[PDB]
Amino acid sequence: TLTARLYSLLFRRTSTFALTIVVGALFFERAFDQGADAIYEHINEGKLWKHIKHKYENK
Amino acid sequence: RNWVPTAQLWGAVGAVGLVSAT
Amino acid sequence: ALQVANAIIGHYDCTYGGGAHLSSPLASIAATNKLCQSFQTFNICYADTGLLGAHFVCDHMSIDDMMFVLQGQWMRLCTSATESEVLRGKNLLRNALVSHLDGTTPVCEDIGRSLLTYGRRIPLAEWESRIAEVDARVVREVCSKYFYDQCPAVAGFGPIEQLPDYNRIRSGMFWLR
Amino acid sequence: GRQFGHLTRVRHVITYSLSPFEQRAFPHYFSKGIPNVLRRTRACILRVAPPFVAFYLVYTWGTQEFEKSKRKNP
Amino acid sequence: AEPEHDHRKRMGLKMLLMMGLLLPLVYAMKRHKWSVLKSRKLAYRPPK
Amino acid sequence: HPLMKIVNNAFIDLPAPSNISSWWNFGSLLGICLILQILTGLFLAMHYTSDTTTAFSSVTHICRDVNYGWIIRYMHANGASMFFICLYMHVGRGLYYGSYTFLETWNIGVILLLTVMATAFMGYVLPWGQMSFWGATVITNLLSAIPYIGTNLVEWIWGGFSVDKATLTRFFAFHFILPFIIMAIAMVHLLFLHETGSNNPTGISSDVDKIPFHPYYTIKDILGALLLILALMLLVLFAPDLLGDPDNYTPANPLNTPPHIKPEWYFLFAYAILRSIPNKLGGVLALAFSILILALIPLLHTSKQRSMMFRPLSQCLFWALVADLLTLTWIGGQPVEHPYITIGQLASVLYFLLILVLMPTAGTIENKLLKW
Amino acid sequence: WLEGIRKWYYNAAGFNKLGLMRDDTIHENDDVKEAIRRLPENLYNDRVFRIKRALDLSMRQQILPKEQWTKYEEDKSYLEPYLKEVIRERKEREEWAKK
Amino acid sequence: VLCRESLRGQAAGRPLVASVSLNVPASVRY
Ligand code: HEM
Ligand code: HEM
Ligand SMILES: CC1=C(c2ccc(Oc3ccccc3)cc2)C(=O)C2CCCCC2=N1
Numbered sequence: 001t002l003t004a005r006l007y008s009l010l011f012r013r014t015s016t017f018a019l020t021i022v023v024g025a026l027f028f029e030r031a032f033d034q035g036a037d038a039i040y041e042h043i044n045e046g047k048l049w050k051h052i053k054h055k056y057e058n059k
Numbered sequence: 060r061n062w063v064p065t066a067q068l069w070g071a072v073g074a075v076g077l078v079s080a081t
Numbered sequence: 082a083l084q085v086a087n088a089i090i091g092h093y094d095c096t097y098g099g100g101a102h103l104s105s106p107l108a109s110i111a112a113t114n115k116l117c118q119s120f121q122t123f124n125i126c127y128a129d130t131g132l133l134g135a136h137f138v139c140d141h142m143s144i145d146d147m148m149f150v151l152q153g154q155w156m157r158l159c160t161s162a163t164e165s166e167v168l169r170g171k172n173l174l175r176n177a178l179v180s181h182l183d184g185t186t187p188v189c190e191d192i193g194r195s196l197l198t199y200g201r202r203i204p205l206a207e208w209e210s211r212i213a214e215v216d217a218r219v220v221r222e223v224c225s226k227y228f229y230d231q232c233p234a235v236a237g238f239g240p241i242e243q244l245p246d247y248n249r250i251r252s253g254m255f256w257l258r
Numbered sequence: 259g260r261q262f263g264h265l266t267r268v269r270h271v272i273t274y275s276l277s278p279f280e281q282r283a284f285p286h287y288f289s290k291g292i293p294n295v296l297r298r299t300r301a302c303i304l305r306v307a308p309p310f311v312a313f314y315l316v317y318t319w320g321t322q323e324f325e326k327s328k329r330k331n332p
Numbered sequence: 333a334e335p336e337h338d339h340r341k342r343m344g345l346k347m348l349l350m351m352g353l354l355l356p357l358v359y360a361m362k363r364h365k366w367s368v369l370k371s372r373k374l375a376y377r378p379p380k
Numbered sequence: 381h382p383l384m385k386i387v388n389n390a391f392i393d394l395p396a397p398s399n400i401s402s403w404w405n406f407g408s409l410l411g412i413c414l415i416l417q418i419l420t421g422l423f424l425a426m427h428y429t430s431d432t433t434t435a436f437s438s439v440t441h442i443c444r445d446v447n448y449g450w451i452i453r454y455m456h457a458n459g460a461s462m463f464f465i466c467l468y469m470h471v472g473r474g475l476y477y478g479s480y481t482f483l484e485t486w487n488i489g490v491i492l493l494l495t496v497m498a499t500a501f502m503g504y505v506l507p508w509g510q511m512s513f514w515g516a517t518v519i520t521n522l523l524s525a526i527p528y529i530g531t532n533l534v535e536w537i538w539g540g541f542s543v544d545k546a547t548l549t550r551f552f553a554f555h556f557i558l559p560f561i562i563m564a565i566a567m568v569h570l571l572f573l574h575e576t577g578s579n580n581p582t583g584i585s586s587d588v589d590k591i592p593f594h595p596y597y598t599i600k601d602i603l604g605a606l607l608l609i610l611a612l613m614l615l616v617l618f619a620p621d622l623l624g625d626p627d628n629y630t631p632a633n634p635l636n637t638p639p640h641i642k643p644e645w646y647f648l649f650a651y652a653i654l655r656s657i658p659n660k661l662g663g664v665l666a667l668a669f670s671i672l673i674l675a676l677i678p679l680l681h682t683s684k685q686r687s688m689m690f691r692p693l694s695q696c697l698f699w700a701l702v703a704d705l706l707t708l709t710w711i712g713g714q715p716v717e718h719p720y721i722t723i724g725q726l727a728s729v730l731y732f733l734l735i736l737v738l739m740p741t742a743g744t745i746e747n748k749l750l751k752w
Numbered sequence: 753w754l755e756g757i758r759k760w761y762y763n764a765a766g767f768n769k770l771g772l773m774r775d776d777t778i779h780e781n782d783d784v785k786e787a788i789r790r791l792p793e794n795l796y797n798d799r800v801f802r803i804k805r806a807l808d809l810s811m812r813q814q815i816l817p818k819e820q821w822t823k824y825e826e827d828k829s830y831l832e833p834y835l836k837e838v839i840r841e842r843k844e845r846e847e848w849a850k851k
Numbered sequence: 852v853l854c855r856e857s858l859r860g861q862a863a864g865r866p867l868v869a870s871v872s873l874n875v876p877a878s879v880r881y
């Protein structure tokens, strides 16, 4: 099945359970931050510094 | 004998985790 | 391999001689500390299923401990199994087969049962082939298959206030590890 | 008692349980629950609410009467 | 008065999102564990 | 293993009752609050300075310049309130379910409350804003009402003839240590509780139906911890200045009193009971007795039923006492003018009347209805 | 005369919805504990289950079906006659200790 | 034990013989 295939090979052992969590958390951090940053930046469009930075900077 | 793949996997968990946190 | 497995954990009664020096750690621990009156590992078999586990009789303050040693032995055998104790496990079963088929009534039972269950009578040489087949890796692969991280059927009768909660028993069916 | 085994004398009871993996986590949650929640609300409301209503009445009145006394008169 | 104002609200979003994720997941674990007791059935059988 | 065995009998296989509602979750949260206040507080004290010249600058230095200093401050400042919310839940639970029948546990409790009140009061002085200074100047001076030695007691407390640099620096010392005395007391609070076991909502001996703390109440207290964290971080990230007073962002000035002078929200009920009585000493004794009457609650108990679960009259009067406290909390927030003086007067008498007169009588009637 | 309110209060109390009799909800102390210890096997093992079931109900935040509720007329005072004697013996011991 | 059916065979079949062992449970044959 779908979920059993995860259990069988990925997290039956507690040894690999942790390796999954660690690596999953490593990816989740990149994924979530990036997403929620972009959501907040789209919510607040044009008002933050990064949006009006090109404005006052010829370098 | 049997704790070699476990201790290696926990060795990876510790290694990647210490790399994660810093 | 499951008969070999149950032979390693073995069985104990308070009338046994060996006591503290017994081979199976559960019996040794249970004899020294005097945890239980008796315990017996069973494999009840049916057509396409069965009951693989154990039975014990003990004082009302010894249930958690007995359970902890028993599950500890299952988990141990699943994850780590010495070649020596598996050879002992084989030899116990080797002796069990030849001890049981002595006299006509057990052999007549064996025939009558074998033909209904197995389909044919299995010779002792074939059994020995399957026992000699079993080594440490086979016991671990098989024990871990049937016992590691599996919900067990539990039955308690008597002064069982100490009998651990099912979640705690279920937590004991896998390891830390 | 304190320890499991020395708590108390229980006799002739049988407890049937089921593994959490065998059974469901949220069995009939919105089905049976929302009625049960409502029933519990009906049980307590009469004892719980009227003091907070009485607070709200004294609150708004007291603030109203404070604003009346604050402003000018003739 | 409040230079943290922007950063703080971003943490706010991320907190609400993450709490939105976790609260049901934790509640599910609580329900999964307590299930054993919540489904249980008590049968009294005295002798005569 | 003589530590693990303590932790086993404490938190692993302690037999808890089976039927404990979410009102028992506040005990563990109060510890989480205490640990949160300690950890946040420590990191604030790493940058904070207790001199009247620098005290304000240091707090603002934390918020502005110390990396993530603001989030640590408002976690301390709002966590202080969350600690108090949790306390008032934790105290009320025991009032309702009759948990005060564990006398020593309860009386250690009553101490734990008073120590936190002192901790949080002295904590509020530290940043050295107007309301912090003037809060201390008002609240401390109350002791001068004591008949023969109060005027001396106050000057000794302050370290001079007013609230000043002498007072601020010692208030920091007292603030940063008393939390550890609280944690020490709290372990004795728990120590008597294991002797007596834990109570359940029915008020009926649950020895017949116990369950192991782990894994049941571990995962339940974890769930509750996230709800406390949620409630904290909602305050910290969206409304950090909500519960706090604006005047404390004006630096302290002893030559200029702010008009609407008051304590923080968690003392306003007691402040309202003090303002109710016109005589100064009477106001102080009523203020004191408002808290300390908690110690008489187990003596005022009458009903043959322990818990209020099966007691309508008591339930209504209990929920009246909550509303009456919320009335006093409101009145304490408002200035001492009409009509709030008369509302405060009635509310204050009602408070002591519910506790001393009515709720005992309710229990006695409730017995007579059931042939007890 | 006013047995009604005695009946109203009984129903308003709500322990009958859990299938408890009045004396199941009595607050334990030295006298009650002693009275409960004096109870014969049947009444003890019954109150055990009545309480064990009522707690199980209280866990799930539910009550029994309406017919299974305890009746004000059929609410037996099983514990009283024992508890009266325990109290009277304690009063006697105190009155003797007085002299 | 309780009825007549199970109670059959209990009567002494032969003089008792006590067996103790290292492995096998201690029995009293006949
Ligand atoms: C720092 C403050 C406090 C901490 C950390 C604390 C901690 C605890 C904990 C962990 C429990 C067990 C879990 C629970 O039932 O909530 C408990 C129970 C209790 N506490 Fe507290 N407590 C505090 C303050 C108080 C106060 C102020 C009172 C009363 C004036 C009090 C009275 C009780 C009572 C009566 C119980 C038993 C509850 C029951 O079983 O019904 N505590 N406390
Ligand atoms: C029960 C525990 C505690 C409570 C209830 C508490 C409460 C408070 C309160 C209400 C303030 C004023 C917050 C503000 O509006 O600025 C404060 C400030 C402070 N507290 Fe605590 N506190 C506790 C523990 C601690 C501990 C343990 C320390 C150090 C170890 C500490 C260090 C400080 C410092 C340095 C300040 C000044 C900075 C500031 O105002 O934020 N506190 N505390
Ligand atoms: C002992 C105990 C604790 C408890 C849990 C954690 C404690 O210590 C802490 C651990 C971590 C953080 C804060 C406190 C102290 C008591 C509870 O909550 C409960 C909740 C209701 C069941 C009885 C009970 N018993």
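Protein chains in written order, with my numbering: chain A, 1 to 59; chain B, 60 to 81; chain C, 82 to 258; chain D, 259 to 332; chain E, 333 to 380; chain F, 381 to 752; chain G, 753 to 851; chain H, 852 to 881. Here a beta-carbon is modelled for each residue, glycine too, at the ideal position from N, C-alpha and C.
Cβ of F647 of chain F within 7 Å of any heavy atom in ligand 2? If you number the sixth sequence from 1, residue 647 of chain F lands on position 267. Not so, every heavy atom of ligand 2 lies at least 7 Å from the Cβ.
Looking only at DSSP bridge pairs, what is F137 of chain C linked to? Sequence index remark: in the third sequence, residue 137 of chain C carries index 56 (1-based). In DSSP, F137 of chain C forms a bridge with C:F120.
What's the gap between the Cα of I673 of chain F and the Cα of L693 of chain F? For the purposes of this step, residue 673 of chain F is taken as the residue at position 293 of the sixth sequence. For the purposes of this step, residue 693 of chain F is taken as the residue at position 313 of the sixth sequence. Between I673 of chain F and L693 of chain F, the C-alpha separation is close to 21 Å.
Quick check on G662 of chain F: does DSSP put it in helix, strand or coil? For the purposes of this step, residue 662 of chain F is taken as residue 282 along the sixth sequence, with counting starting at 1. Correct three-state label for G662 of chain F: helix.
Should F463 of chain F be counted as a contact of ligand 3 given a C-beta to heavy atom distance under 7 Å? Indexing the sixth sequence from 1 puts residue 463 of chain F at position 83. No, the Cβ of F463 of chain F stays beyond 7 Å of every heavy atom of ligand 3.
Limits of the beta strand (DSSP E) - the one that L374 of chain E falls within: As a working note, residue 374 of chain E is residue 42 in the fifth sequence. First-last of the beta strand (DSSP E) with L374 of chain E: 373-376.
N- and C-terminal bounds of the alpha helix (DSSP H) containing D191 of chain C: Locating residue 191 of chain C in the third sequence gives position 110, counting from the first residue. 185-198 is the extent of the alpha helix (DSSP H) around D191 of chain C.
If you draw a straight line from the alpha carbon of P634 of chain F to that of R329 of chain D, how long is it in whole angstroms? Counted from its first residue, the sixth sequence places residue 634 of chain F at position 254. Counted from its first residue, the fourth sequence places residue 329 of chain D at position 71. Going from the Cα of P634 of chain F to the Cα of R329 of chain D covers about 31 Å.
Same chain, Cβ closer than 7 Å to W208 of chain C, five either side skipped, listed in chain order: Counting from one through the third sequence, the residue named residue 208 of chain C turns up at place 127. So the qualifying residues of the chain are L178.
Using a Cβ-Cβ cut-off of 8 Å, state whether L158 of chain C counts as contacting chain A. Your numbering for residue 158 of chain C matches position 77 in the third sequence. No, because no Cβ of chain A sits closer than 8 Å to the Cβ of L158 of chain C.
Contact list for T707 of chain F against chain D, beta-carbon separation under 7 Å: Taking the first residue of the sixth sequence as position 1, residue 707 of chain F is located at position 327. Simply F313, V316.
Return helix, strand or coil for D445 of chain F, following the three-state DSSP convention. Locating residue 445 of chain F in the sixth sequence gives position 65, counting from the first residue. Coil.
When you measure from the CB of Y480 of chain F to every non-hydrogen atom of ligand 1, does any distance come out below 7 Å? Here residue 480 of chain F refers to the residue found at position 100 when the sixth sequence is read from its first residue. Result yes, Cβ under 7 Å from ligand 1.
Verify the CB distance criterion: does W256 of chain C have a CB-CB separation below 8 Å to chain A? As a position in the third sequence, residue 256 of chain C is number 175, starting the count at 1. Yes, contact with chain A.
With distances taken Cα to Cα, identify the nearest neighbour of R258 of chain C among C:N176, C:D216, C:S225. Position 177 of the third sequence, counting from 1, holds the residue named residue 258 of chain C. Comparing Cα-Cα distances from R258 of chain C to each of C:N176, C:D216, C:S225, the minimum goes to C:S225.
If the criterion is Cβ atoms closer than 8 Å, does the pair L416 of chain F and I452 of chain F meet it? Reading the sixth sequence from its first residue, position 36 is the one you call residue 416 of chain F. Reading the sixth sequence from its first residue, position 72 is the one you call residue 452 of chain F. Against a cut-off of 8 Å, the Cβ pair of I452 of chain F and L416 of chain F comes out as no contact.
Going by beta-carbon coordinates alone, are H555 of chain F and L506 of chain F separated by less than 8 Å? Indexing the sixth sequence from 1 puts residue 555 of chain F at position 175. Indexing the sixth sequence from 1 puts residue 506 of chain F at position 126. Going by C-beta atoms, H555 of chain F is nearer than 8 Å to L506 of chain F.
If we define contact as Cβ-Cβ less than 8 Å, is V268 of chain D a contact residue for chain K? Of the chains in the structure shown, none is chain K; the protein chains are A, B, C, D, E, F, G and H.
Cα-Cα separation between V534 of chain F and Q34 of chain A, rounded to whole angstroms: Here residue 534 of chain F refers to the residue found at position 154 of the sixth sequence. Here residue 34 of chain A refers to the residue found at position 34 of the first sequence. Approximately 57 Å between the Cα atoms of the pair.
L394 of chain F Cβ short of 7 Å to ligand 3 heavy atom set: What you label residue 394 of chain F is simply residue 14 of the sixth sequence in a count that begins at 1. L394 of chain F Cβ: within cutoff of ligand 3.
Kindly indicate which residue of F:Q714, F:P395, F:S578 has the alpha-carbon position closest to the one of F649 of chain F. Walking along the sixth sequence from the start, residue 649 of chain F turns up at place 269. Residue F:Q714 is the option with its Cα nearest to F649 of chain F.
Is the beta carbon of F120 of chain C closer than 8 Å to that of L107 of chain C? The count along the third sequence starts at 1 and reaches residue 107 of chain C at position 26. The count along the third sequence starts at 1 and reaches residue 120 of chain C at position 39. In contact: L107 of chain C and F120 of chain C (Cβ atoms closer than 8 Å).
Just confirm the distance between the C-beta atoms of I653 of chain F and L667 of chain F, as a whole number of angstroms; I'd bet it's less than 8 Å. On the sixth sequence, residue 653 of chain F is found 273 positions in, with the first residue counted as 1. On the sixth sequence, residue 667 of chain F is found 287 positions in, with the first residue counted as 1. Right, the Cβ-Cβ distance comes to about 6 Å (below 8 Å), so this counts as a contact.
Starting from the beta carbon of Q243 of chain C, find every residue of chain D whose beta carbon is closer than 7 Å, and list them in chain order. The residue you call residue 243 of chain C lines up with position 162 of the third sequence. Per Cβ cutoff of 7 Å: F262, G263.
Judging by CA-CA distance, which residue of F:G540, F:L573, F:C443, F:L558 is the nearest neighbour of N487 of chain F? Translated into the one-based positions of the sixth sequence, residue 487 of chain F becomes position 107. Checked all of F:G540, F:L573, F:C443, F:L558; the closest Cα to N487 of chain F is F:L573.
Between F618 of chain F and chain E, is there a C-beta pair that is closer than 8 Å? Here residue 618 of chain F is taken as the residue at index 238 of the sixth sequence, counted from 1. Interface residue, yes.
Restricting to Cα atoms, I'd like to know which of D:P285, D:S289, D:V295 is closest to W366 of chain E. The residue given as residue 366 of chain E occupies position 34 in the fifth sequence. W366 of chain E has its Cα closest to that of D:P285, out of D:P285, D:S289, D:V295.
Please classify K226 of chain C: does DSSP put it in a helix, a strand, or coil? Within the third sequence, residue 226 of chain C is the residue found at index 145, counting from 1. Looking at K226 of chain C - three-state DSSP - the assignment turns out to be helix.
Is the number of C-beta pairs between the region 309-317 of chain D and the region 694-707 of chain F that are closer than 8 Å three or more? yes
Mind checking whether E746 of chain F and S687 of chain F have CB atoms under 8 Å apart? Along the sixth sequence, one-based indexing puts residue 746 of chain F at 366. Along the sixth sequence, one-based indexing puts residue 687 of chain F at 307. Not in contact: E746 of chain F and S687 of chain F (Cβ atoms no closer than 8 Å).
Can you look up residue 803 of chain H in the DSSP assignment and give me helix, strand or coil? Summary: the structure shown does not reach residue 803 of chain H, with chain H confined to residues 852 through 881, and so no result is reported for it.
Mind pulling the chain C residues with CB within less than 8 Å of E280 of chain D? On the fourth sequence, position 22 is the one that residue 280 of chain D refers to. Those are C232, listed as they occur along chain C.
Considering just the uninterrupted stretch of the alpha helix (DSSP H) at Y93 of chain C, what are its terminal residues? On the third sequence, residue 93 of chain C is found 12 positions in, with the first residue counted as 1. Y93 of chain C -> not in any alpha helix (DSSP H); beta strand (DSSP E) instead, spanning 92-94.
Spatial neighbours of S479 of chain F within its chain, please: CB distance less than 6 Å, with the 5 preceding and 5 following residues excluded, ordered by chain position. Taking the first residue of the sixth sequence as position 1, residue 479 of chain F is located at position 99. Taken in chain order, the residues that qualify are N579.
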